[PDB]
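Asker: Coordinates in my_file-v9.pdb, PDB, N, CA, C and O atoms, are listed below.
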ATOM      1  N   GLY A   1     233.366 217.882  22.904  1.00  0.00           N
ATOM      2  CA  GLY A   1     233.413 218.095  21.470  1.00  0.00           C
ATOM      3  C   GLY A   1     234.831 218.143  20.937  1.00  0.00           C
ATOM      4  O   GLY A   1     235.470 217.106  20.759  1.00  0.00           O
ATOM      5  N   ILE A   2     235.325 219.350  20.680  1.00  0.00           N
ATOM      6  CA  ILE A   2     236.676 219.529  20.163  1.00  0.00           C
ATOM      7  C   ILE A   2     237.695 218.789  21.023  1.00  0.00           C
ATOM      8  O   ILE A   2     238.640 218.192  20.508  1.00  0.00           O
ATOM      9  N   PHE A   3     237.496 218.830  22.336  1.00  0.00           N
ATOM     10  CA  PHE A   3     238.396 218.163  23.268  1.00  0.00           C
ATOM     11  C   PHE A   3     238.157 216.656  23.272  1.00  0.00           C
ATOM     12  O   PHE A   3     239.054 215.875  23.584  1.00  0.00           O
ATOM     13  N   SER A   4     236.938 216.256  22.924  1.00  0.00           N
ATOM     14  CA  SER A   4     236.576 214.844  22.891  1.00  0.00           C
ATOM     15  C   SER A   4     237.203 214.150  21.685  1.00  0.00           C
ATOM     16  O   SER A   4     237.701 213.030  21.788  1.00  0.00           O
ATOM     17  N   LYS A   5     237.174 214.827  20.542  1.00  0.00           N
ATOM     18  CA  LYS A   5     237.740 214.279  19.315  1.00  0.00           C
ATOM     19  C   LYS A   5     239.263 214.361  19.332  1.00  0.00           C
ATOM     20  O   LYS A   5     239.949 213.486  18.804  1.00  0.00           O
ATOM     21  N   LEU A   6     239.786 215.418  19.946  1.00  0.00           N
ATOM     22  CA  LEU A   6     241.229 215.614  20.034  1.00  0.00           C
ATOM     23  C   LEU A   6     241.851 214.642  21.032  1.00  0.00           C
ATOM     24  O   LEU A   6     243.056 214.398  21.008  1.00  0.00           O
ATOM     25  N   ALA A   7     241.018 214.087  21.907  1.00  0.00           N
ATOM     26  CA  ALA A   7     241.485 213.138  22.910  1.00  0.00           C
ATOM     27  C   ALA A   7     242.270 212.001  22.267  1.00  0.00           C
ATOM     28  O   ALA A   7     243.217 211.478  22.852  1.00  0.00           O
ATOM     29  N   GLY A   8     241.871 211.622  21.056  1.00  0.00           N
ATOM     30  CA  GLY A   8     242.549 210.548  20.353  1.00  0.00           C
ATOM     31  C   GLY A   8     244.007 210.864  20.082  1.00  0.00           C
ATOM     32  O   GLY A   8     244.811 209.961  19.850  1.00  0.00           O
ATOM     33  N   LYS A   9     244.348 212.146  20.109  1.00  0.00           N
ATOM     34  CA  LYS A   9     245.719 212.580  19.863  1.00  0.00           C
ATOM     35  C   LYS A   9     246.557 212.479  21.134  1.00  0.00           C
ATOM     36  O   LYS A   9     247.540 211.740  21.184  1.00  0.00           O
ATOM     37  N   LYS A  10     246.161 213.223  22.159  1.00  0.00           N
ATOM     38  CA  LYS A  10     246.873 213.216  23.432  1.00  0.00           C
ATOM     39  C   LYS A  10     247.123 211.788  23.907  1.00  0.00           C
ATOM     40  O   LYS A  10     248.229 211.451  24.330  1.00  0.00           O
ATOM     41  N   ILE A  11     246.090 210.955  23.834  1.00  0.00           N
ATOM     42  CA  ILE A  11     246.199 209.565  24.254  1.00  0.00           C
ATOM     43  C   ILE A  11     247.287 208.837  23.470  1.00  0.00           C
ATOM     44  O   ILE A  11     247.985 207.977  24.007  1.00  0.00           O
ATOM     45  N   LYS A  12     247.426 209.190  22.197  1.00  0.00           N
ATOM     46  CA  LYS A  12     248.431 208.574  21.337  1.00  0.00           C
ATOM     47  C   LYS A  12     249.823 209.103  21.663  1.00  0.00           C
ATOM     48  O   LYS A  12     250.821 208.410  21.473  1.00  0.00           O
ATOM     49  N   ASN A  13     249.883 210.336  22.155  1.00  0.00           N
ATOM     50  CA  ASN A  13     251.154 210.958  22.507  1.00  0.00           C
ATOM     51  C   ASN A  13     251.709 210.367  23.800  1.00  0.00           C
ATOM     52  O   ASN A  13     252.923 210.288  23.988  1.00  0.00           O
ATOM     53  N   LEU A  14     250.811 209.953  24.687  1.00  0.00           N
ATOM     54  CA  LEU A  14     251.210 209.369  25.963  1.00  0.00           C
ATOM     55  C   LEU A  14     251.523 207.883  25.807  1.00  0.00           C
ATOM     56  O   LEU A  14     252.391 207.346  26.494  1.00  0.00           O
ATOM     57  N   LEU A  15     250.809 207.227  24.898  1.00  0.00           N
ATOM     58  CA  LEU A  15     251.012 205.804  24.650  1.00  0.00           C
ATOM     59  C   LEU A  15     252.403 205.543  24.080  1.00  0.00           C
ATOM     60  O   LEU A  15     253.092 204.614  24.501  1.00  0.00           O
ATOM     61  N   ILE A  16     252.808 206.370  23.122  1.00  0.00           N
ATOM     62  CA  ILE A  16     254.119 206.230  22.498  1.00  0.00           C
ATOM     63  C   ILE A  16     255.233 206.620  23.463  1.00  0.00           C
ATOM     64  O   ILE A  16     256.317 206.041  23.442  1.00  0.00           O
ATOM     65  N   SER A  17     254.955 207.606  24.310  1.00  0.00           N
ATOM     66  CA  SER A  17     255.934 208.075  25.283  1.00  0.00           C
ATOM     67  C   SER A  17     256.066 207.090  26.440  1.00  0.00           C
ATOM     68  O   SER A  17     257.151 206.901  26.989  1.00  0.00           O
ATOM     69  N   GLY A  18     254.952 206.464  26.807  1.00  0.00           N
ATOM     70  CA  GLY A  18     254.963 205.505  27.896  1.00  0.00           C
ATOM     71  C   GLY A  18     255.451 204.137  27.459  1.00  0.00           C
ATOM     72  O   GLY A  18     255.846 203.317  28.289  1.00  0.00           O
ATOM     73  N   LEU A  19     255.421 203.889  26.155  1.00  0.00           N
ATOM     74  CA  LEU A  19     255.861 202.610  25.609  1.00  0.00           C
ATOM     75  C   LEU A  19     257.281 202.712  25.061  1.00  0.00           C
ATOM     76  O   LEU A  19     257.968 201.703  24.894  1.00  0.00           O
ATOM     77  N   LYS A  20     257.717 203.935  24.785  1.00  0.00           N
ATOM     78  CA  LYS A  20     259.056 204.171  24.258  1.00  0.00           C
ATOM     79  C   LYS A  20     260.110 203.964  25.341  1.00  0.00           C
ATOM     80  O   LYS A  20     261.229 203.539  25.059  1.00  0.00           O
ATOM     81  N   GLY A  21     259.743 204.267  26.584  1.00  0.00           N
ATOM     82  CA  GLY A  21     260.669 204.105  27.690  1.00  0.00           C
ATOM     83  C   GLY A  21     261.123 202.669  27.861  1.00  0.00           C
ATOM     84  O   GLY A  21     262.319 202.381  27.820  1.00  0.00           O
TER      85      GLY A  21
END
Can you dump the structure from the file as structure tokens?
Answerer:
Amino acid sequence: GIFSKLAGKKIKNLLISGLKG
């Protein structure tokens, strides 16, 4: 639920961090 919907955030935080390098 809350963690399922919030997943869209964490995933976006790792994508930008993994692509920023």
Asker: Would you place a box with edges along x, y and z of the file around all atoms of range 4-15 of chain A listed there, add 5 Å to each of its six sides, and report the centre and edge lengths in Å to one decimal, as JSON?
Answerer:
{"center_x": 244.8, "center_y": 210.4, "center_z": 22.6, "size_x": 26.5, "size_y": 21.6, "size_z": 17.7}
Asker: Using atom C of residue 2 in chain A and atom O of residue 16 in chain A as the two end points, give the distance in Å to one decimal.
Answerer: 22.7 Å
Asker: To one decimal place in Å, what is the distance between atom O of residue 15 in chain A and atom C of residue 1 in chain A?
Answerer: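 That distance, rounded to one decimal, is 23.0 Å.
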Asker: One number please: atom O of residue 18 in chain A to atom O of residue 6 in chain A, in Å, one decimal.
Answerer: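 Computing it gives 18.4 Å between the two atoms.
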